[PDB]
């Protein structure tokens, strides 16, 4: 068994008005949690703008604690997997395909 991790950009700069976080979570907040289970991965929204309170986010980023280093990156989904190699890579490929629709706007 091995761990894989892959960041996937949430393209905020490119589409600054689209509610990506709401798209990812769905109206009940369940959607990303469900998708991680469907693909046998773990998926977390990390990076700048990923905390609810902007001021706290800046404090945490300035703290320099390792657990907040992610706050220096652009907003992203981190997909992680732990499985035997062939299966780890397959799960990641599946997750990467499934996440696509949530990372582009669905209206102009």
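Residue numbers count along the first chain shown, from 1.
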> Taking only the CA atoms, which stretch has the higher mean B-factor in the record, 76-84 or 57-65?
Replying inline: 57-65
> Which third of the chain holds residue 16 when residues are ordered by C-alpha B factor: lowest, middle or highest?
Replying inline: highest
> Taking the entry's C-alpha B-factors for this chain, is residue 4 in the lowest, middle or highest third?
Replying inline: lowest
> Lowest, middle or highest third of the chain for the C-alpha temperature factor of residue 70?
Replying inline: lowest
> By the record's CA B-factor, is residue 50 among the lowest, middle or highest third of residues in the chain?
Replying inline: middle
> If you rank every modelled residue in this chain by C-alpha B factor, which third holds residue 44: lowest, middle or highest?
Replying inline: highest
